[PDB]
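Chemist: A structural model of the following input is requested.
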Amino acid sequence: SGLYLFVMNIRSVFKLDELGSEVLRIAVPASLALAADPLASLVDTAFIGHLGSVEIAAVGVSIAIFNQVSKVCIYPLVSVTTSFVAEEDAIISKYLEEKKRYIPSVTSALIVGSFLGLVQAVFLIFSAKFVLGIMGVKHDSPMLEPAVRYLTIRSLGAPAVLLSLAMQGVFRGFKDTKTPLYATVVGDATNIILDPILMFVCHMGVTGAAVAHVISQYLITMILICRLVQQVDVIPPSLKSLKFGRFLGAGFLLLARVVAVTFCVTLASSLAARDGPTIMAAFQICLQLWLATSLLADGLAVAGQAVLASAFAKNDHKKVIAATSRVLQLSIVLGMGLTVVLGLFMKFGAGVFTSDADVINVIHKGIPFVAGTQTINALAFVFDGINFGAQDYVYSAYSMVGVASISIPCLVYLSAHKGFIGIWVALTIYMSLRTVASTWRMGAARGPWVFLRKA
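Modeler: Numbers count the residues shown, from 1 in each chain. Take a look at the structure below.
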């Protein structure tokens, strides 16, 4: 059994050797870029918070529209490209040939991102009134006008947004998270700078905030594409040299997988909402705490994926094994550390979020789940990176379908029976199912780990 990989070289968890330096070198910048958007967006939130009462709820619903539409079109387009570029960049016979280099995954991802980005752009421009009526914004309500304005304008950035996300998948294929991190920082500072200039000095309000974000997003796309064309070639030499069927298929497998994962969390929230606003608010806080702390290991999972995708591309079973073990031990360490920190923060900083004693008390009731399964969470996310470095997409798809089929009845039953604590028990069952699904793929020496029966 492949479970021994969890403890192999455990005297070298923190060693800054080639593997340790590389994993740290790939993982830390990605985490930083994932952490830079929330802070820059919170600065944006502040600027809009000084506009008016309708504008936040107007812009906020407009933003809620974008963020989910993207997450559908983000996770596949980036997790497929990080592996399909890291594969083709690791066997492209690269040598002292001067004529840069064409990678079909790089060209394929840019096309898919550009198409989806303009498609989302047009769609959210024309169905703005429609989606907003869907989004609980009444048509007679005052929110609808600035929401439509901000939505329609910010949808100009949708092409650049999805294109730069494809390019982050590309640059992750090259094991370069610094380039997306630099681009993200640059755009976010520019947007934090452009927000007061346009919203307030130009008297544009929600139009100003949207123009600030769109200009900054197109700057980030520009930065990424200049660095990307200087490193490799993005034009295909012939129109037949584009690997597309394989590309879109992994994307749709990962898209179906994400739909299931997000729907499990969607049901939990829609079930907590049926338990009074106190349970409503407390579960929402717990859930953001739960998931946000999992988002740290996301750079670690990218490093593991890129390294394993490059290594599986070169028949290098020895580094595959070392890197798998390394990121796995790092993930469990981070999970336990986040367990400690998040539990402590929840008990003594609930009052940072809410001024309600009831909400804080329910938050304190739920601390064990949100804090306990943090090691399960880190393992679940890092194994996704690992099994994506193994490029096991059909298993991911059908395994999450099964985890949801087991977890969704758990949610419904446990929630209606024991409310807040029952939803959290169900979510623990689901996360334990997730972790066990991914770990079985590796440890059982089945699929992309069949070679383990020979080591």
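Chemist: What's the local residue count around residue 281?
Modeler: 19 (other C-beta atoms under 10 Å). Every residue, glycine included, has its C-beta placed from N, CA and C.
Chemist: list the contacts for residue 198?
Modeler: Listed by C-beta atoms under 8 Å, 6 or more residues apart in numbering, the contact set of residue 198 reads 204, 207-209, 211-212.
Chemist: Find the centremost residue of this structure, please.
Modeler: residue 75 (6.0 Å; C-alpha atoms, centre = their mean).
Chemist: Which strand or helix spans that one?
Modeler: helix 53-90 (DSSP states H and E).
Chemist: Downstream of that helix, the next helix or strand is which one?
Modeler: Following helix 53-90 in sequence, per DSSP H and E, is helix 104-126.
Chemist: And that following helix, how far out from the chain middle?
Modeler: In terms of C-alpha atoms, centre = their mean, to the nearest Å, the centre of helix 104-126 is found 18 Å from the chain centre.
Chemist: in that helix, what counts as buried?
Modeler: 104-114, 116-117, 120-121, 124-125 (16 or more other C-beta atoms under 10 Å).
Chemist: Now that helix - C-alpha only, CSV.
Modeler: C-alpha atoms of helix 104-126 as CSV (Å, rounded to 0.1, in the frame of the first residue of the first chain):
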residue,chain,number,x,y,z
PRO,A,104,-0.2,23.7,-27.6
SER,A,105,-1.5,23.9,-24.1
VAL,A,106,-0.5,27.5,-23.8
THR,A,107,-2.3,28.4,-27.1
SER,A,108,-5.3,26.2,-26.2
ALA,A,109,-5.8,27.8,-22.8
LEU,A,110,-5.6,31.4,-24.1
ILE,A,111,-8.3,30.5,-26.7
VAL,A,112,-10.6,28.9,-24.1
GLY,A,113,-10.1,31.8,-21.7
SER,A,114,-10.6,34.4,-24.4
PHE,A,115,-13.8,32.7,-25.6
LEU,A,116,-15.3,32.2,-22.2
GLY,A,117,-14.2,35.7,-21.2
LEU,A,118,-16.0,37.5,-24.1
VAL,A,119,-18.9,35.1,-23.7
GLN,A,120,-19.4,35.9,-20.0
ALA,A,121,-18.8,39.6,-21.0
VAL,A,122,-21.6,39.7,-23.6
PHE,A,123,-24.0,37.5,-21.5
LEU,A,124,-23.6,39.5,-18.2
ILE,A,125,-24.0,42.7,-20.2
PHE,A,126,-27.3,41.7,-21.8
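Chemist: Next SSE downstream of that helix?
Modeler: Past helix 104-126, the next helix or strand by DSSP H and E is helix 128-134.
Chemist: got a list of contacts for that next one?
Modeler: Applying C-beta under 8 Å, 6+ apart, the set of residues contacting helix 128-134 is 61-62, 65, 124, 139, 143-144, 147-148, 151-152, 155.
Chemist: one more time with 6 Å
Modeler: 65, 139, 144, 147-148, 151-152 (C-beta atoms under 6 Å, 6 or more residues apart in numbering).
Chemist: As PDB, could you dump the C-alpha coordinates of that helix?
Modeler: Listed next in PDB are the C-alpha coordinates belonging to helix 128-134 (Å, rounded to 0.1, in the frame of the first residue of the first chain):
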ATOM      1  CA  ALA A 128     -27.900  42.100 -16.300                       C
ATOM      2  CA  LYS A 129     -31.500  43.100 -15.400                       C
ATOM      3  CA  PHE A 130     -32.400  39.400 -15.600                       C
ATOM      4  CA  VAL A 131     -29.700  38.000 -13.300                       C
ATOM      5  CA  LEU A 132     -30.300  40.900 -10.800                       C
ATOM      6  CA  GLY A 133     -34.000  40.000 -10.600                       C
ATOM      7  CA  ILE A 134     -32.800  36.500  -9.900                       C
END
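Chemist: Tell me the buried residues in the next helix or strand after that helix?
Modeler: Sequence-wise, the next helix or strand downstream of helix 128-134 (DSSP H and E) is helix 144-154. Across helix 144-154, burial judged by 16+ other C-beta under 10 Å covers 144, 146-154.
Chemist: cool, stretch 383-394 as well?
Modeler: 383-393.
Chemist: cool, and stretch 353-363?
Modeler: 353-354, 356, 359-360, 362-363.
Chemist: if we can go back for a sec, from the contacts of residue 198, which ones fall inside helices?
Modeler: 207-209, 211-212 (DSSP state H).
Chemist: Kindly report the domain assignment for the protein.
Modeler: Per automatic domain parsing, the structural domains of the chain span 1-28+250-455, 50-243.
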